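1. Sequence unavailable; structure follows:
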Ligand SMILES: *[C@@H]1O[C@H](CO)[C@@H](O[C@@H]2O[C@H](CO)[C@@H](O[C@@H]3O[C@H](CO)[C@@H](O)[C@H](O)[C@@H]3O)[C@H](O)[C@H]2NC(C)=O)[C@H](O)[C@H]1NC(C)=O
Ligand SMILES: *[C@@H]1O[C@H](CO)[C@@H](O[C@@H]2O[C@H](CO)[C@@H](O)[C@H](O)[C@H]2NC(C)=O)[C@H](O)[C@H]1NC(C)=O
Ligand SMILES: *[C@@H]1O[C@H](CO)[C@@H](O[C@@H]2O[C@H](CO)[C@@H](O)[C@H](O)[C@H]2NC(C)=O)[C@H](O)[C@H]1NC(C)=O
Ligand SMILES: *[C@@H]1O[C@H](CO)[C@@H](O[C@@H]2O[C@H](CO)[C@@H](O)[C@H](O)[C@H]2NC(C)=O)[C@H](O)[C@H]1NC(C)=O
Ligand SMILES: *[C@@H]1O[C@H](CO)[C@@H](O)[C@H](O)[C@H]1NC(C)=O
Ligand SMILES: *[C@@H]1O[C@H](CO)[C@@H](O)[C@H](O)[C@H]1NC(C)=O
Ligand SMILES: *[C@@H]1O[C@H](CO)[C@@H](O)[C@H](O)[C@H]1NC(C)=O
């Protein structure tokens, strides 16, 4: 930050200057920030310019001023170079150009002879000029301007005049006027008159002939306006149309005018265009292609860098543009080639084994036939003396007797500080114990009591030397003298795992437990394992509450403030298997239903048997049902359930059992209904009597849903007179039916009757009831 | 470049022999500092006034006393080093005086003993410091009594033991006490005690141990330990030692009535047993030895610089026996739990630091055998924002329709407020452009209208800074054709296709990776080839397929700024 190279702020810009302008001087700017302040030099035409006092060119704070300019000694390209002790940089190339407009030739123009009824071409022949001009035509005398109608075409490219069909009105003298529009005023140049002579008039129409043909290839940059001209001769005047061969034209550009204008060409407009001139006599066609190119841009540049001497570096620079650009490298204002270590490859720079002479300003230059761009950076190499303030050696290095120690010495130095280890005043060297790796790490094995003391690391390099000290003392290692034993239990009266340790008599010793690398909690949330506390050298832990979910890889660890030791053990908890799943009802019959289920978790003990329970929705309790086979084995997954009463809904569940006990019941099965069946219970509550004269009423108790056993439930009542041998059967549909009335005028009052009843459904017939004696009205 | 005082020379304990006629005592103290530090001295708790004049002087930190006396100068001294940053405390140094008094002038009573028994002759040494060495003289100098099995001398009380007196022991006895100081070897006589005896009967008795070593003998590590087992008996009893709970280490086992250990280690703890045995019988005595040590360090704090608004944890651990206690000092004054500082048995916790928590801190570990110190310096820092280390990207590229991240994290303490601005319009969180409260900016579904300049402003109560980047949009590479899976045998040829589209400006590079491993097409005799090589065609062909050529083939189509991939599978039997 104290010193930095020249960084540009303002760079020179191109200037267009009128040759006969009233201005007296031209200013080109160049400014750079530097510390110390930079010095500026200027290059013209690739060579250095003699900045002499008084002689035209003057230097004002970096800027270059040229007074009373002329095209013979000033027009050209200039560069500004900024320099200081760190390095030099070069600004972008700046063009200064002059504009002018000459006068028309004094030689008389020959008269043009043509046939009446034929298109005629009249040249203009503009003089030397820059930039482009605007062209007009006049007839006979100024200011009579020929209108730009459908019969006369005036070209803005060549300035010529085209007449589609000549008649007697076109005879006269023509003149071409140039009105080059300067940015401040307009200068006009008037051409010598040319006489147009016309021969005898013919009488014939003709097909169009296109004369002003736009070039096949037109190159344009992104953001320019592109004009295409298409003029043709023809009687009558042909119509002009523009088409895109490889696409669709914009509606705003689809015009019948003989000129096609694109205000801002983008990457889309690239392709082939076709102009067609059509009349009743025929058509003529022109084809030409428009391409689009751009100017280089940046994608990845370089930045300031500080590197340590003896390292390697890689720099990159990426530019994008159409056509693809080329990238070259400059240092301090001169091109870079493959030197001893510098490797330049078409865009990337490789440094190997940096030195103190490879510092300065580096520039990356991208170039193509439409422009150039520059990018700057600064490389600074550094060399330092060894400093231990960042990684000092351990000031205290406690070590356990019988183990090993490793002490690394790594200072901050360049190129690389070499180190040597010593113990007190005795220099340590390779032996069958002490080891010194090339990195400087000191490794001591088989550590004993006589190795305590003060060790020193000495580092040095061709800058200077540094030095540091540590002290080593020897303790006794913490050891385990008893390890816990693996075990297994179901729900017993709890188990005490043991862990005994011996430590140095000077430092505190703490025991800690863990389960499968998850932290343990010997406190008391609900069921809890607990920990005793009598003396330091004991760590027994008792697993209480006689419950589940307390198995894994138990680990006891005895640790001090310095080192630690550990041992491992395993416990298992056995028990009844888990509940089954996947209860599926199949083969739904009147009394038999097949049940299928998936095997549940065995809990590390094979399942011995199964038990099936059933219930009636919605408030029926779970009841064990008769199963085929009577004893279901653990490996079986299907069974039969018997004893079911037909045509009610049922739900089922499964329980598993092993030699260790009985597991949990499974979830309820899906609601299913058994098939229909014939009735099995005869109706009861037979009674009756009274009614209208000649009528007999028989009443019975309505039957519930448990014994209907199917749909279409109803009753059949067989009744007869006392002493008669013929039974009359009546059908009463409906389960809730409870009475029947039989009407007959021949029935005497208080006539005894013998009756019986039976129940039926859609499946079959059930048993009949006992015969009862009733009386009529 | 400033720091707090760091001690190089600390005061040391001094014992002054009275005999030597020196006129000045020096207690050293030196503390490196920048700027140089001043010194104060504390004498037995209270501060010391070092006014020029009397015998208390100052020689540049070092304290000098002219002509010290026991009545005005014995005691404890501490050195306090102070500079603008903070002050530090030096380890205590004890100044003590050594002297010896003479024996009392009163005559000693004669000792009457009956021949055939052993007799005890007292010495009664006067006041003394340090310990002495004792001898006995018979009648007249230099008749030194030889150290045989019958004439017995104790090195801790000076008493004289006679196992069995006879007629040859009649006479006068005196006790001579000698001191071995650093510069003097003064020795003192005594009076003459007359020993008169009685009749004789030569009977035999069982040994009786009289001089008993104490039941518990506390001994630090590194202190020579002597055990005395003195006995009576007729004839002379024999002395044998044994360890109750192990071996006696017979490298130095002896039959003398004294047992010596030059340097006590932790393995010598336990109970010893002495036995005096003769043909008549035996006597047995027991006693235990316990070892102890001084505090030592295991983890020590180090000087630290912390940024305002942070938190700090500091630890300090000591090892000794009995277990040491740890306390904390700041600027030479005790530090209790208050405000943002928490102290817990050697754990120091700073929460949300400020500019007033900069200074010298110290950790003290002590027990009934010693005290040790450790020091460190804490410096708090506050900084202005700077973007030199982490400037915003300067040439940010963007792919069309993508999402762009722009982080902005300067180097400041405390954290600085961050604002964003495109051109001269300050952005707000919305559905397309959003800022997050760590400073990062997010933009979604980028378009050509977003090209331009972006700027990040950072500011805190010490200053402000800004950094600008340039955002431009391009055309993203998109895959139009993908390869397909196939199966072949060994030696078969297969062809897979891949097509992409990109911006007309940059270059496409097409590659193929077999199971994420790039395929080398330039290998001599290689089995892979590029076919239908065009700008947007990256078809590859495998010739003479092998078993290793079966796997997943991934087509990579990449430019300098973006890439796009497709996948297919090939099996070789
Ligand atoms: C003290 O003994 C140790 C052990 O033999 C020495 O360390 C050994 O150092 C050599 C190099 O002197 C290492 O061999 C070479 O290492 C380079 C590292 O890039 C490697 O490229 C070579 O292929 C070769 O392996 C060797 O690995 C290393 N071994 C160990 C165990 O450290 C040490 O150098 C000796 N002390 C001195 C002062 O030489
Ligand atoms: C260990 O490192 C020091 C630090 O460079 C070496 O230099 C001494 O530094 C102290 C501290 O300022 C000075 O008081 C001494 O005068 C320095 N010595 C010399 C010779 O300049 C020191 O020499 C190193 N130790 C050894 C044994 O070389
Ligand atoms: C508007 O700005 C606010 C803060 O400047 C953003 O709020 C953050 O939202 C995220 C996600 O909900 C939280 O994790 C942060 O804690 C919020 N910051 C604060 C300071 O509250 C918010 O995301 C922005 N709006 C949108 C649409 O993103
Ligand atoms: C963004 O930061 C720059 C500095 O990095 C500011 O530029 C400074 O502007 C002030 C006055 O506007 C000048 O006095 C300083 O000399 C400028 N510094 C440099 C290094 O040139 C800039 O003003 C900041 N932007 C805003 C909006 O404040
Ligand atoms: C530099 O070159 C241009 C074009 O080649 C030329 O017009 C100009 O005269 C040259 N410069 C000088 C000083 O002649
Ligand atoms: C080195 O280790 C071996 C076995 O571990 C041991 O016998 C030997 O005594 C050790 N060396 C020293 C110096 O203690
Ligand atoms: C403490 O120092 C004072 C200063 O002379 C002295 O008088 C006093 O005896 C000392 N106390 C102890 C216990 O040493």
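-> In hand now; what should we look at? Numbering: from 1, shown residues only, chains lettered A, B, ... in the order given. Ligands and ions are numbered 1, 2, ... in the order given.

2. Tally up the residues packed near residue A:753, please.
-> Neighbourhood size, residue A:753 [other CB atoms under 10 Å in any protein chain shown]: 20. No exception for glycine: its C-beta is placed from N, CA and C like everyone else's.

3. For it, give the beta-bridge partners.
-> Beta bridges link residue A:753 to residue A:721, residue A:774, judged by DSSP bridges.

4. I'd assumed residue A:771 was in contact with it.
-> No - in terms of CB atoms under 8 Å, residue A:753 does not count as a neighbour of residue A:771; the distance is 10.1 Å.

5. Residue A:610: how many residues sit nearby?
-> Residue A:610 has 25 nearby residues by other CB under 10 Å.

6. Quick check: chain neighbours aside, which residue is closest to it?
-> residue A:632 (4.0 Å; CB to CB, 6 or more residues apart in numbering or on different chains).

7. Next, work out how far apart that neighbour and chain B are.
-> Distance, residue A:632 to chain B, using CB to the nearest CB, to the nearest Å: 48 Å.

8. hang on, that residue packs against residue A:609?
-> Yes - between residue A:632 and residue A:609 a contact is recorded at 6.0 Å, counting by CB under 8 Å.

9. neighbour-wise, which of those two wins?
-> Comparing residue A:632 with residue A:609 by other CB under 10 Å, the one with more neighbours is residue A:632, at 23 against 15.

10. who touches residue A:181 in this structure?
-> Going by CB atoms under 8 Å, 6 or more residues apart in numbering or on different chains, residue A:181 touches residue A:134.

11. same check, this time on the one 4 residues further on
-> Residue A:185 is in contact with no residue at all, counting by CB under 8 Å, 6+ apart.

12. How many neighbouring residues does residue A:452 have?
-> Neighbourhood size, residue A:452 [other CB under 10 Å]: 12.

13. Was I right to think it contacts residue A:444?
-> No - here residue A:452 lies out of contact with residue A:444, judged by CB under 8 Å, at a distance of 11.3 Å.

14. Give me the nearest residue to residue A:175, chain neighbours excluded.
-> Nearest non-adjacent residue to residue A:175 (CB to CB, 6+ apart): residue A:138, at 4.7 Å.

15. chain center to the host helix or strand of that neighbour: distance?
-> Element membership of residue A:138 [criterion: DSSP states H and E] is strand A:135-139. Between the centre of strand A:135-139 and the centre of its chain there are 64 Å (CA atoms, centre = their mean, to the nearest Å).

16. Report the buried residues of stretch A:60-69.
-> A:62, A:63, A:64, A:66, A:69 (16 or more other CB atoms under 10 Å in any protein chain shown).

17. Is that stretch positioned near ligand 5?
-> No - for stretch A:60-69, no contact with ligand 5 is found by CB under 6 Å from any ligand atom; the gap never falls below 11.4 Å.

18. The next helix or strand after the strand holding residue A:138 pairs with which strands, parallel or anti?
-> Next helix or strand after strand A:135-139 toward the C-terminus (DSSP H and E): strand A:152-154. In the sheet, strand A:152-154 lines up against strand A:161-163 (antiparallel) (DSSP bridges).

19. in the partner strand, what's buried?
-> A:161, A:162, A:163.

20. which of these lies closest to residue A:428?
-> Set against residue A:428, the nearest of the buried residues of strand A:161-163 by CB to CB is residue A:162 (102.7 Å).

21. which one is the closest one nearest to, not counting chain neighbours?
-> Sequence neighbours aside, residue A:153 is the residue nearest to residue A:162 in space, at 4.2 Å (criterion: CB to CB, 6+ apart).

22. okay but that neighbour is in contact with residue A:212, surely?
-> Yes - contact criterion CB under 8 Å: residue A:153 and residue A:212 qualify, at 7.0 Å.

23. which residues are common contacts for the two?
-> Common contacts of residue A:153 and residue A:212 (CB under 8 Å, 6+ apart): A:162, A:231.

24. Tell me what residue A:43 is bridged to.
-> Note on residue A:43: beta-bridge partners residue A:48, residue A:79, judged by DSSP bridges.

25. Just to check, it is in contact with residue A:78?
-> Yes - with contact defined as CB under 8 Å, residue A:43 counts as touching residue A:78 (6.8 Å).

26. Could you check which of the two has the larger neighbour count?
-> Neighbours of residue A:43 and residue A:78, each counted by other CB under 10 Å, are more numerous for residue A:78; the result is 22 against 17.

27. check contacts around the more buried one.
-> Neighbours of residue A:78 in contact, by CB under 8 Å, 6+ apart: A:12, A:28, A:42, A:43, A:44, A:64, A:93, A:94, A:96.

28. what about the spatially closest residue to the fifth one that is not a sequence neighbour, distance to ligand 7?
-> By that I understand residue A:44. Among residues not flanking residue A:44 along the chain, residue A:78 sits closest, at 5.4 Å (CB to CB, 6+ apart). Per CB to the nearest ligand atom, to the nearest Å, residue A:78 is found 91 Å from ligand 7.

29. same thing with residue A:52?
-> The gap separating residue A:52 from ligand 7 is 91 Å, by CB to the nearest ligand atom.

30. Is that residue part of a helix or strand, or is it coil?
-> Following DSSP: H, G, I helix; E, B strand; the rest coil, we place residue A:52 in the coil state.

31. For burial, what's the neighbour tally of it?
-> Neighbourhood size, residue A:52 [other CB under 10 Å]: 10.

32. Quick check, the residue nearest to residue A:175 in contact with residue A:154.
-> No - applying CB under 8 Å as the test, residue A:138 and residue A:154 come out as separate, 11.0 Å apart.

33. Nearest the middle, which residue of chain A would you pick?
-> For chain A, the residue nearest the mean C-alpha position is residue A:299 (21.5 Å; CA atoms, centre = their mean).

34. hang on, it is in a strand, isn't it?
-> Yes - under three-state DSSP, residue A:299 falls within a strand.

35. check contacts around it.
-> A:318, A:319, A:320, B:395, B:397, B:506, B:560, B:561.

36. Please repeat the previous calculation with a cut-off of 10 Å.
-> A:317-320, B:395, B:397, B:472, B:474, B:505-506, B:559-561 (CB atoms under 10 Å, 6 or more residues apart in numbering or on different chains).

37. how about the nearest residue to it, chain neighbours excluded?
-> Nearest to residue A:299 is residue A:318, by CB to CB, 6+ apart, at 4.3 Å.

38. circling back to that earlier point, for burial, what's the neighbour tally of the residue nearest to residue A:175?
-> By other CB under 10 Å, 18 other residues sit near residue A:138.
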